Amino acid sequence: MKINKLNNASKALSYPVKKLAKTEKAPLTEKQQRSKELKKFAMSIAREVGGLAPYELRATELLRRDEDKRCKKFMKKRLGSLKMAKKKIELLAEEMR
Amino acid sequence: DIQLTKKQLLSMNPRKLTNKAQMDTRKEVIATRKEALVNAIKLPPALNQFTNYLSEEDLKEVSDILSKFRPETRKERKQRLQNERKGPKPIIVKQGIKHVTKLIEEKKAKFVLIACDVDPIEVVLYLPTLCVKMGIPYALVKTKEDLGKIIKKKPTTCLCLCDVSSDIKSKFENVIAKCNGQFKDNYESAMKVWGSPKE
Amino acid sequence: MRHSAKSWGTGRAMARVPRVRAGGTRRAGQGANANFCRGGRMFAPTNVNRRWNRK
Amino acid sequence: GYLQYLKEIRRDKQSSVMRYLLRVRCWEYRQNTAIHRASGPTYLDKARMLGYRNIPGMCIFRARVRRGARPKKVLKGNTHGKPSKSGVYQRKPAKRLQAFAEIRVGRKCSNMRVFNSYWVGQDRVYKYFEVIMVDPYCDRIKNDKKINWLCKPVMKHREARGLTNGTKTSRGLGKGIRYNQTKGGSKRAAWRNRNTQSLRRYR
RNA sequence: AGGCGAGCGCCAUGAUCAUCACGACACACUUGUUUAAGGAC
RNA sequence: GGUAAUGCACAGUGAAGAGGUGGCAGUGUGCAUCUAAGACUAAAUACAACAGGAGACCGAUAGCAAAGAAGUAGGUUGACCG
RNA sequence: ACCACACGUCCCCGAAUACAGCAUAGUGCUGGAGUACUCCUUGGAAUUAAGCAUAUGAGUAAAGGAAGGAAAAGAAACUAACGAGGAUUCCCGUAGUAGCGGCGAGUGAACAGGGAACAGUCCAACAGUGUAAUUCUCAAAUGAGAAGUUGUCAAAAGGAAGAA
Ligand SMILES: [K+]
Ligand SMILES: [K+]
Ligand SMILES: [K+]
Ligand SMILES: [K+]
Ligand SMILES: [K+]
Ligand SMILES: [K+]
Ligand SMILES: [K+]
Ligand SMILES: [K+]
Ligand SMILES: [K+]
Ligand SMILES: [K+]
Ligand SMILES: [K+]
Ligand SMILES: [K+]
Ligand SMILES: [K+]
Ligand SMILES: [K+]
Ligand SMILES: [K+]
Ligand SMILES: [K+]
Ligand SMILES: [K+]
Ligand SMILES: [K+]
Ligand SMILES: [K+]
Ligand SMILES: [Mg+2]
Ligand SMILES: [Mg+2]
Ligand SMILES: [Mg+2]
Ligand SMILES: [Mg+2]
Ligand SMILES: [Mg+2]
Ligand SMILES: [Mg+2]
Ligand SMILES: [Mg+2]
Ligand SMILES: [Mg+2]
Ligand SMILES: [Mg+2]
Ligand SMILES: [Mg+2]
Ligand SMILES: [Mg+2]
Ligand SMILES: [Mg+2]
Ligand SMILES: [Mg+2]
């Protein structure tokens, strides 16, 4: 059997290359900026025209009573992900302020 | 053959009309019963807006201004292109939802008309809120056909105007003041009242 | 193996070979599928999977 | 532009305006016959993502499907076999409910090709869909440069062979280790490649 | 924000969200009472 | 094969514009790699009817059921059988 | 005379239709046959476990739908942790392995490494506003009308080779 002869320490070694730095892409052109602005704008109009959904109302009500941990549990069960819940709570909080 | 009365049409069950011969009647039963349902239930504030429109008198006043900026026909267009370029840039009234929304967004548009009887409505639903945010005056008209007649062609959803000839300026300003009264000035109050069932 | 055949079983004073189901012809009641039968299948039929070449 | 505003509103399915419209439309769809022709698309943005234009030789049809799982077709629950295969209820179909709509529209509109389909509503009993159809024997279409491909003879009955957006999803196709069951083209193509004995000349 | 027994639990009533019967209308749904009858059952 | 879910469905519930994955459940945090929910695509691969060429194959109880007017003579109420 | 190549003629029943469903400005299209090979559904039991109920045979048989000379697939919400590679399909191989399993009987893949053949592109998001510039019909040598603003319209002839 030609397997499992080296230790983990010696398997971790590596050859000394010379690396190339990554080309950063930070510049964003004028036309790309206007494009992003118009999309964010459109998102405002929808919220203005049609308002909040039932679970969003129930959530925001709990935030007024400082029921932070109840709101957390509630949102987790509605959206599934604990990450989506943490994000949606932060967006709702900012809307109320 | 015989025209059925309103009472009859409201009585019939559409799901029991089944033969190929009966299809036109099935269509009429559905049309009349839908009307009764929509009158019975409350409208959200944004949909309730399109219940308020200009009188036939105001429509006349507005049309009697706007008609002087009619678009070119194909016959006219051909002649123009055989001749050379001459004179100043014309003023023309503009048409179609795609162009109008662009001109509102670019803050070029100066006054806008919108039609009410449009199906599905989601095409025009957002226009008043956008007009209020850009600060452009507007007015609502009953039918798509009312607009078609202004520009002497097929019905449309909306019309727009981006310029004013000095000749017309006095009348123009008065019209805008009438419109602001019925429409733009009233907006913030309107967005909070639900449409009542109709008596 | 083409034909419809079945055994008659014991009690008929005959050997229990499968026999051909038919009527109107001399072929009725004859002995069908086995290697010891006329028109039956050969023992261990020759087959393409045999190893033809050699290393 | 205009199509962006429509997208944002169509996504808010529990806004007051969308609850209103879903209720009134789902009422009307159920008063009509089970497959019927529409006047135009209900949602302009969605139809245009999927390839609709308002030219001669394209149409929208609308179809309804009954909801829930599909029971085993046996009398009195008697299955004539082993007990692990005796269940009748709680058996779920392999294809989406959408796939049934596409298959039935294609039978009725036999002179036309099924392009794509989308959701338009639901209630307690039915689910409702719009299907985009094209006519390959039409002069307008034969000379188009974007949908002229649908006239190739291989494009007959895409829906019956699991090739449309609604019918494709039950096949299990994809890229990576999570889809090893379909390496080769399909489940049956993988099966053949795994259950074959190879017998070389020199061996 | 009131009252009782050597701030405690117990007794008063005042604001905040669901919510179970009962009424009275008509719009879903039901029935050849059908230019009609029921009715959120 | 997919093991505290590999893929596919049905009912409830239901996102974000930024998200998905790194074969063992969870929470946090850097790092690497990609961009779903719209479409098209040649060549290299598979195998009947019908035609052509070959063979350490069979030689009229064999070889296809059938080397002649063979799916024929003939048979089943019938499906079918020969 | 006779033969070989093509054409003309081609009774009645049969999808069998003076019909059904459906599209266009209009002309029209589908239906039945075939289905070895390819794609999509539905879905057994004999048998093995020396009994048998989970499991096996097997996502196989049977029954339905559909297409072509092939069909399906296909240009990473992909692998990998190397000093990394780079669409799909096929062959050699990893491998009767990692694992699944009354952990019994039995089942069972992937990347690498060596090759055959090689090719990349479209729609939406996002079309001239000093004029729908776009498609179709009839006339005419320059007019009438239909579709369409709930959005139309984003360019080349051309050739000698190769094979039967
Ligand atoms: K047999
Ligand atoms: K939203
Ligand atoms: K049309
Ligand atoms: K199944
Ligand atoms: K194998
Ligand atoms: K009543
Ligand atoms: K009534
Ligand atoms: K009454
Ligand atoms: K793709
Ligand atoms: K014989
Ligand atoms: K015969
Ligand atoms: K067929
Ligand atoms: K056994
Ligand atoms: K035994
Ligand atoms: K079998
Ligand atoms: K293909
Ligand atoms: K394809
Ligand atoms: K690959
Ligand atoms: K290679
Ligand atoms: Mg080790
Ligand atoms: Mg290393
Ligand atoms: Mg023999
Ligand atoms: Mg899915
Ligand atoms: Mg896993
Ligand atoms: Mg001899
Ligand atoms: Mg013989
Ligand atoms: Mg007899
Ligand atoms: Mg037994
Ligand atoms: Mg099994
Ligand atoms: Mg298996
Ligand atoms: Mg079969
Ligand atoms: Mg584009």
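Side notes on the structure shown:
- Debye intensity ratio in log₁₀ form over the Cα atoms of the protein assembly as shown, taken at each q of 0.06, 0.07 Å⁻¹: -0.57, -0.72
- Distance from the Cα centroid of the range D:60-122 to that of the range B:27-79 is 43 Å (rounded to whole angstrom).
- Kirkwood's formula applied to the C-alpha pairs of chain D gives a hydrodynamic radius of 20.4 angstrom.
- Among the residues of B:24-36, the average count of other protein chain beta-carbon atoms within 10 Å of the residue beta-carbon is 1.
- Loop-located chymotrypsin sites (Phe, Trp or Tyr not before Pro) in the range D:80-160 (DSSP state other than H, G, I, E, B) with a sparse environment of at most 10 neighbouring Cβ atoms within 10 Å: D:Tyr89, D:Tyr137.
- Under 17 Å of direct C-alpha separation, and excluding same-chain neighbours fewer than eight residues apart, A:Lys76 reaches these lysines: A:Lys86, A:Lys87, A:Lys88.
- For the listed residue pairs A:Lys83/D:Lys127; D:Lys13/D:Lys92; B:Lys60/D:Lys7; A:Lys39/B:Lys142; B:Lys27/D:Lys142, the alpha carbons are over 29 angstrom apart in A:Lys83/D:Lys127; B:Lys60/D:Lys7; A:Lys39/B:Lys142; B:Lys27/D:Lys142.
- Shielding of peptide D:17-29 by partners, expressed as the average count of other chain Cβ atoms within 10 Å per residue Cβ, is 4.
- Most mobile listed residue (A:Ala85, A:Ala12, A:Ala59) in chain A, GNM with C-alpha springs under 10 Å: A:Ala12
- Note, ³J(HN,Hα) from phi for the range A:11-25, Karplus 6.51, -1.76, 1.60, rounded to Hz, x at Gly and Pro: 5, 7, 5, 7, 6, x, 7, 9, 8, 10, 6, 6, 7, 5, 10
- Measuring nothing but how far apart in sequence close Cα pairs (under 8 Å, 6+ apart) lie, relative to its length, the range D:1-131 scores a relative contact order of 26 percent.
- Relative contact order, whole percent, for the range B:95-145 stands at 46, derived from Cα pairs under 8 Å and 6 or more residues apart.
- Chain B: most fluctuating residue of B:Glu173, B:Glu35, B:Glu122 per GNM, C-alpha cutoff 10 Å: B:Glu35
- Between the listed residues D:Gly68, B:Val62, D:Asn54, the Cα displaced farthest toward the positive end of the dipole of the protein assembly as shown, a dipole computed from Cβ unit charges relative to the Cα centre, is found at D:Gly68.
- Divide the volume of the convex hull around the Cα atoms of the range B:46-199 by the residue count and you get 134 Å³ per residue.
- Percent of Cα pairs exceeding the 18 Å cut-off, where the set is the range B:114-199: 55 percent
- Cα-based helix-to-principal-axis angle, D:16-31 vs chain D, degrees rounded to 10: 70 degrees
- Residues listed by number, the range B:138-169, amide nitrogen under 19 Å from A:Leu38 label point at 7 Å toward C-beta: B:160
- Look at the stretch B:40-49: the mean tally of other chain Cβ atoms within 10 Å of its residues' Cβ atoms is 4.
- Segment B:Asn19..B:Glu145, full-extension length gain: 41.8 nm, with 0.36 nm per residue of separation and the alpha-carbon distance subtracted.
- Listed residue (B:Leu127, B:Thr73, B:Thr18) projecting farthest to the positive dipole end of chain B, Cβ model: B:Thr73
- Peptides B:42-55, B:89-102 ordered by average Cβ neighbours within 10 Å, highest first: B:42-55, B:89-102
- Order by protection proxy (mean Cβ within 10 Å, highest first), peptides D:35-44, B:9-18: D:35-44, B:9-18
With ideal geometry, Cβ positions are generated from the backbone for all residues, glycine too; neighbour counts draw on all protein chains shown. No value in this document is a laboratory result; all are computed from the given coordinates.
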